[PDB]
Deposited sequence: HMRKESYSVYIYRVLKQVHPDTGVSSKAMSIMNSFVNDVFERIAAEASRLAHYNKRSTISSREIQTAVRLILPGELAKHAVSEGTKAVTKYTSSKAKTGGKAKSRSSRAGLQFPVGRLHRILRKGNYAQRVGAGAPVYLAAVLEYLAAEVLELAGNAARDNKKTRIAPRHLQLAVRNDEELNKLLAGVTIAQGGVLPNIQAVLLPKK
């Protein structure tokens, strides 16, 4: 709900396309993608945890919601990215941030606070925002990878909205995931 991930989308872009930029209008669309996928994942995780034991949203409920919202190959890779971040976070340790402990750019702490604030469940486990951050980061990285490819195919160094449009509508699974947005 109007949350901005622009700084984290930008850092993911520099990992995926180090010498590629993104216009502000294209950044607003990327934020709409992440916010919409977050709301659908959280709403499904909230439904699975409505009468859960202790009404708990953990990485289990996120993972199940991930399989329901995301299409085939996107879901399997998002799942693998989620378990990897939780595994790395579990064995991690100056005081490091939760995202750096999970090897992620998307904010684990803020996503934990947004999940708690939305009242999706009585309790939000520490592993749920780690898993969710890895999924949203993976989805952003996939969209930015193909948008950046479309940008330079158009002989550009800056991702414009039309580069985001073509990247999504020409990928079967990303198009079905983000059609409504």
item	value
Deposited-sequence ranges lacking C-alpha coordinates, in sequence order	1-2, 96-100, 189-207
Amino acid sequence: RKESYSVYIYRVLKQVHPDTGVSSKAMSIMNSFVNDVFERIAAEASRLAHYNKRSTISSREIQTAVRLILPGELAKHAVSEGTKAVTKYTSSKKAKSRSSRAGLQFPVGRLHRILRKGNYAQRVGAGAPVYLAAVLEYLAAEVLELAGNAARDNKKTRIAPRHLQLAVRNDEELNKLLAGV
From here on, numbers count along this sequence of modelled residues.
{"property": "Average Cα temperature factor in the PDB entry - higher stretch of 45-53, 65-73", "result": "45-53"}
{"property": "Segment of higher mean CA temperature factor, 130-138 or 54-62", "result": "54-62"}
{"property": "Peak C-alpha temperature factor (PDB record), options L144, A121, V37, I29", "result": "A121"}
{"property": "Chain-relative CA temperature factor third for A179", "result": "highest"}
{"property": "Chain-relative CA temperature factor third for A95", "result": "highest"}
{"property": "Third of chain Cα B-factors occupied by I159", "result": "middle"}
{"property": "Relative C-alpha B-factor of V12, binned into the chain's lowest, middle or highest third", "result": "lowest"}
{"property": "B-factor third for the C-alpha atom of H112 within its chain", "result": "lowest"}
